[PDB]
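Structure in structure tokens, see below.
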Amino acid sequence: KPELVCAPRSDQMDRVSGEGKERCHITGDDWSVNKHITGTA
Amino acid sequence: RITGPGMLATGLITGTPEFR
Amino acid sequence: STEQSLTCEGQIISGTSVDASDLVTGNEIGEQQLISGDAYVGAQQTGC
Amino acid sequence: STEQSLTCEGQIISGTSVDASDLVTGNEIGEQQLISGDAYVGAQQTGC
Amino acid sequence: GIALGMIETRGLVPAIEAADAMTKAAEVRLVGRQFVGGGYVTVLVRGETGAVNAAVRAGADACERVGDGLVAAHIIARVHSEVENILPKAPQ
Amino acid sequence: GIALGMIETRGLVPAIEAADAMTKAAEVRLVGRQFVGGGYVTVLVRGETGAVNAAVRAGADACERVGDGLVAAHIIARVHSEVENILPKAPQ
Amino acid sequence: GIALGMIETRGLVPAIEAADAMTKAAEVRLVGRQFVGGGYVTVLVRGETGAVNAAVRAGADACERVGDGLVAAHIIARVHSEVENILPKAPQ
Amino acid sequence: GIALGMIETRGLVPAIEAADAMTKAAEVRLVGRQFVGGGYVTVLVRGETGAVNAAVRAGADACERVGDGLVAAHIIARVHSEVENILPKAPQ
Amino acid sequence: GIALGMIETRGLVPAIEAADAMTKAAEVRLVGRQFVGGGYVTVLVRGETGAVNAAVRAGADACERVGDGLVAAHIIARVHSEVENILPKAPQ
Amino acid sequence: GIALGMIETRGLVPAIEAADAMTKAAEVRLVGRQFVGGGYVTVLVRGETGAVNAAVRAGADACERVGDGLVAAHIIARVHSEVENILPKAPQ
Amino acid sequence: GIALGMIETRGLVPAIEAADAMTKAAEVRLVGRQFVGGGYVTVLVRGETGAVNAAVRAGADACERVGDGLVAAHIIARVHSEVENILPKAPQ
Amino acid sequence: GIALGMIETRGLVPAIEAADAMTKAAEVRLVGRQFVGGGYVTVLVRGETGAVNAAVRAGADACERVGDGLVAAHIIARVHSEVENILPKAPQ
Amino acid sequence: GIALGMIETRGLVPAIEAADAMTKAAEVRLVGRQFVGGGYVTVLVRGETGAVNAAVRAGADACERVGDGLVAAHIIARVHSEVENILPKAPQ
Amino acid sequence: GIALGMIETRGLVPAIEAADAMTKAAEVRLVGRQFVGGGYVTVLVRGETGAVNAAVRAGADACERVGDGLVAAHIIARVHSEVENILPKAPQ
Amino acid sequence: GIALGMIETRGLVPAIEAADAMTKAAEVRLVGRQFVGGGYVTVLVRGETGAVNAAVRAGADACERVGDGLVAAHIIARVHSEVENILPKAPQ
Amino acid sequence: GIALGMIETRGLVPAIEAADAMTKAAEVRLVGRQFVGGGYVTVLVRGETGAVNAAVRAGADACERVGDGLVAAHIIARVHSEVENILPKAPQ
Amino acid sequence: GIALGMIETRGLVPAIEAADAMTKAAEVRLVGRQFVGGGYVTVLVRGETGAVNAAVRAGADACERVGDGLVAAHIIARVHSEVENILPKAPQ
Amino acid sequence: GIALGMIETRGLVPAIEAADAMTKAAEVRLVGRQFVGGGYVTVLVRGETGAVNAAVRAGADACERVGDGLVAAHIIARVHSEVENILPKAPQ
Amino acid sequence: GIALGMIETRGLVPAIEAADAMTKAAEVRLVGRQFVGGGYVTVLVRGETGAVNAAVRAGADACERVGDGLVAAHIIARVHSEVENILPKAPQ
Amino acid sequence: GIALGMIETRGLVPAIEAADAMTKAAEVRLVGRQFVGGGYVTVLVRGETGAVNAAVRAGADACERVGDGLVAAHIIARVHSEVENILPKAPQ
Amino acid sequence: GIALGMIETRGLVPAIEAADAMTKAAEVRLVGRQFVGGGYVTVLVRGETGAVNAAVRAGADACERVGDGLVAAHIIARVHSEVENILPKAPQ
Amino acid sequence: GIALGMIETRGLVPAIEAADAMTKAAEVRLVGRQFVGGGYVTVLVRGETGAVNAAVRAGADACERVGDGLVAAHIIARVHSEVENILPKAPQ
């Protein structure tokens, strides 16, 4: 596992900054998407 | 060959004397 | 491309064509034959 | 010259073409400019 | 239709073959079979100008290698009124 | 029978030989022997497709070398209804 | 008009383009679009022999580039009365 | 007759051409056209065994170059009673 | 029919000859003669596509060597409804 | 009977030939023709085990080289009670 | 409007994505989605020529990546009256 | 629709051809044909901007090789109010 | 039991053999046979999870070497209620 | 519950696995299981945008390896009102 | 029909097999079997020439490798009236 | 039953031994013992397809080693009705 | 039926496997299971002669690689009355 | 839907572009536009948190390439009541 | 119309030049001149997709090299109804 | 449960160890211990398909190196109802 | 609210910070905190899928840098009915 | 069923995710969640052996990488009655 659940604060600024930030790796049935899925932003 | 729950966990299970 | 349906005398007929086509089938029989009288096909298919 | 009226992503948009033609004139002002937004002309002339 | 398509053959066997292909291959209506003499047989078929062209081409190829073969294949898009007197009109 | 089988020969003697061979070979009914003119004699037989095929093959072989010989041997499984107007119905 | 002109394509977009080019090319009547299955779609037009020949020729040229492409272009100047039972009368 | 003549093709344009050539060629009665799915189209004719052999040959070599082509050409001289249920008696 | 066949020439002598040839050769109706200006005269004939094609093939040949010459020979097997407004309905 | 014999072929023509051979060889009942889709046609027969064994063997031989080909010939001497629902009972 | 814009795709997911991209991009009225068979699906839209061009371009771009991608992208600015009988009027 | 499209030609035959290709290509009215003198003929079409672009482009491609050729194919998306006085309103 | 076992095959003969093999192997009630189209046939069974594992193994082996063969074998130990709406209840 | 998520698979077994995994993951109602033809099966579900993204991820991962495989996984957070006329609302 | 098909075999087992194959294959009627003497059995069928050809070929194929084997397989398309005195009239 | 089983032997002693073995082996009915001539003696049994298959197998094995030997062992699962006119019904 | 199918094996596991394969394979009933002594175990079934043959072959194939294997497979199409005294009437 | 999603851009053109893409992408209701000053333009959309996230992501991608560019993209799932005074209440 | 074409420039002079060119170019309705701040000035025109495209292309040409120049040139064929609230309805 | 698991051994000591290991390993009920004869001992258990698999493997492994060893270890998830007549129900 | 979102931390101070950030960020209910033992503290929130994802992301960011740190962040859109027995219904 | 399946994890977030996968996967019942201390949390499920094997495999695969991770995943098909005293009967 990466040492920290959430990515380093300086690694980058997220695409969408608040309550849409992808820095933290939230496992489970989260609203993220992967390579397979199309139709996303 | 035959997909399903029996294919999900590999080497992480213990205590299964499943035949063959 | 098209040779524009030349008549036997050499004049160019333009517009709609009843001439031979490679994509078209069914009307191929007797395409190459030179049929006398009034011209209804070009001088390419017949060779007139 | 039909070629095809291609788009930025590479899909051929066959049929009626509003793209600029060598024969046609008067619709050629800023024909090659990059107008962001909805795609109306092929990437053949403007690019992307 | 008033166009006329004619096929002349050396013998009767090619003439029958030509008439068969002509009538099956378009709307054309078979009008006559005239023994010109000396072996020539003419099969005359009347129809529209487009239909007659399809028939005559089919007939000419049908009888090209049957017997002595095709002497002449002719199409008249519009026959003059007077020529219809010397043309076969009856079904036979 | 509806199929038509025709043999064309140069001279009457091969035609009668062709008619004899055709009518003996299969169940084909002789419908006509036409003098086309110019020394062509056509014999026509109407029968079922199998009989017509067998008869015509026999006819061509029999009269192949008899006299001047053969001009054409033709089999038509079905003749358009319009063509039947230019075919003999009974021999003469 | 009785001549039949058919165009077959891999998909419906080429078929519709062919139907448009055919109906515009000459005075022919669209009589049916058939979904043969397996991605083959056939368009049948009915008209005069000269009209159908012109229509099918233009239709074949237009739809060749469109989509997967053209499969079959066929003109039949006169279809036998038996065939017409398996031929659509009007578009579905 | 009772014999059965079948021609199977990849598309409907070859099937109609085969059906047209078959019916014109010999005394056969077109019975059915089937959309087997996946592009296969079957045209079935009935008649005398000799007639069916003539028709299938005409249909096979007439529809070979049109469209994707000819898949199967086949004759059955006599058809069992059980099979008559799986064959289409009515023209379509 | 509705197919349109136009022949353009440099002068009235080649135009009148072309008009005479077109009407004599095939079954078409001469609908108009137009003085385009600049010495160009256009004769327009109408009829079925088969007849119109035969007519314009006859007209082009006839007027090639008469007078200044043939400018354009064109066939429109089916004209849009709008274009019929700019075409003379009958010669005046 | 109870024994089940299936022959699957690509296209209909091979399947009709297989069905004729099966229903001629032994006392079996043609229970169904199933257009599986994509060109697959299945013919199912039922009867006694010995009769079905002969029927399916004869069918496989007959349609092996007919048309596109044979896909599978399968015999089941006794199908489960549950499977009887998916099997056809008599043909369409 | 009278212009037609069609997008052909492999599968249904690209078709629904293409349909969504069209109706969102420009003023095009969806008229239906047709299951051609063999995996093809087409979505037809209607509107003005300018709107349809923008719609078809947006649709083709949006569906290239999705799934098996698109098969054809075609604009027909004006459809002949006959073709209107084979195009859906409203979606189902 | 106020967009103006114009096609000028040397002779009436290309002008009629261009007007046919234009009106067929898209939904554009034909608003007159002016004989400019010296062999020139100008056909004016009015419609929506997108439709006019497709029509004029289609018209230029059609009459380029017809007769003496195409002179000018021009588009004016919007004309000044004063200029509309010098434009024909309906076909003549 | 509520576990679901599915076997997908190319053609119907492998599917019938699979369904027969699965039902005979373990306590699995056959529930449906769906024609997916394009050659795919699927057989679905329900039973206890242990039974379905044995049945699916047998069915996969049974249909592996039959015809075009097997495509997919899958076991779902528990199926959500919403998916019950898209599962056959009894074979038809 | 507006966001639409569609998964397209080759065969019905991977589609049922996708539907189960899609529905188990989050609160999405299964609206349709469409047989596109040619082997394509599409399962559409509807729900809130957050749930749909979770559902489609589970389906794409679950059905990726089952059978022939996954074709497309697509999400549309809001479909145009026109598109809903082509979207199933209850699965049959 | 009147065509005669004959198969001569050594022993009765080959002959009865030939009779079954001959009658099954084509539309012919068994007119009798004769024990020639010295282990010769002749089976005779009468019918149309087309059927007799198909029948005899099926009989020759069937009995070639049965028992001692096939001696002869003959087709007389038309037997002279005299030979009918020696031929069997109906089977015994 | 209807299936026919036949054994051909050189001499009568193997023929009678075969007949005893057939009737003792399975539930079949001995319907004839025929002196073909030249040595051959044929014993025919009739019964169910399964019964006759067992009966003939026992007959062949028992008769093989008795006397000059065995010439043929043949089954005919369905006997065409025409072929029953040359089959003994009750033994002589 | 009356035919008796006997399978003999060394041990009981192979015999139970063979009784399970026999009964499932074809339409037969398990009359008994006798312990011969010294290891041998015999399983007897009854059914139609054709069904019993299929069952025993399936039974032999199933148990030949289970335990010490198959010793004897047998069929008796008709069992004499005396032997029925020493056969198990019904399974214990 | 009470979540708040905001996109900031340099220049109004990206702001209008972002609002079009954000509203069309998902179910977010546009709530205002504010000229910050110095070239910054902010557009605020409310809606469900899941839908608002999808909208903002779509808007950011679409407006990034247009004009000077994207400055910020934000979502607040539950905006505190004190901040609701400074947010626009609806677009004017 | 609905299509929106906006040109963003630095300073008022380029914006006035762009606005002058856009309204002159095609049938577009100048709807607003917005001072974004920081030197940005945006001119929005409304019209049909074809007309707006001709305006935004022409308008970006004029002001590309006027003053500081052009920042963004955008076209939206169909703006979502929500966005229309944040767009000026007429230049104040 | 129906599932049957049988372990055959040489001598009793392995059978008791196999019986012990089987019952301890999984939830299987011991139903019979049978002395086949000649040193064979068979131990049968009944349970669920999953339980029987777990038990039989446990029993087979345990008794391999005990005494003379293991002869067979057989699992039958479902036994035809007929076989249940010859299976013990409780050990004695 | 049926979706579950869990944050696990090392210590209680990060847990309460996560609970405060999670609850103030989105509309969720803090349903419990559990002292897992070993210095792990899990805070659980129940809400809608959109709200939960916003909350957990707010929770993870808040407690990441407070105390020993964040161990796990998890969202379960659908929690099985059984799982709810191991989840606190309401906060302590 | 009585087969016991245990999954042990470091923390509670992995345990709840595991329990969700286990119960969702197969027909198991969550019977207990044990806090072993030191950050070990165990979830116990009871069901039939086939169901538990599927449930445990799903739980191990689902929580393998969730949070701190997975410690152990075991399956006991039959627990000794003594061990039942230490296993929870229902969870709290």
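Order of writing sets the chain letters: A, B, C, D, E, F, G, H, I, J, K, L, M, N, O, P, Q, R, S, T, U and V. Residues in each chain are counted from 1.
Assume a residue touches a chain if its C-beta (ideal position, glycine included) is under 8 Å from a C-beta of that chain, and two chains touch if they have at least 3 such contacts.
According to UniProt, the chain labels map to these proteins: E, F, G, H, I, J, K, L, M, N, O, P, Q, R, S, T, U, V = Major carboxysome shell protein CsoS1A.
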For subunit B and subunit M, what is the smallest step count along a path of chains that touch one another?
1
Name the chain whose C-alpha centroid is most distant from the C-alpha centroid of subunit C.
T
Name the pair in K-L, P-Q or K-N that forms the same interface as Q-T; by residue number, over half of the contact pairs must coincide.
K-N
Of P-Q and K-N, pair with higher C-beta contact tally:
K-N
Take the average of all CA coordinates in subunit H, do the same for subunit L, and state the distance between these two points in whole angstrom.
53
Approximate Å spacing (C-alpha centroids) for the pair subunit B, subunit V:
16
Could you grab the centroid distance between subunit I and subunit V? Build each centroid from C-alpha atoms only and quote it in angstrom.
93
Contacts with 2+ other chains: residues of subunit U
3, 25-26, 48-50, 53-54, 58, 71-78
Where does subunit A touch two or more other chains at once, residue-wise?
19-20, 27-31, 38-40
Residues of subunit C that touch subunit I when the two form their complex
7-16, 18, 38-40
Considering the complex alone, what residue numbers of subunit R touch subunit S?
10-14, 16-17, 19-20, 23-24, 29-30, 32-33, 35-41, 43, 66-68, 90-92
For the complex, which residues does subunit V have touching subunit A?
17, 65-67, 69
Of all residues in subunit I, which touch subunit G in the complex?
1-3, 48-53, 77-78
Which bits of subunit J are touching subunit M when the two form their complex?
4, 6-8, 34, 36-40, 42, 71-74, 76, 79-80, 82-83, 85-87
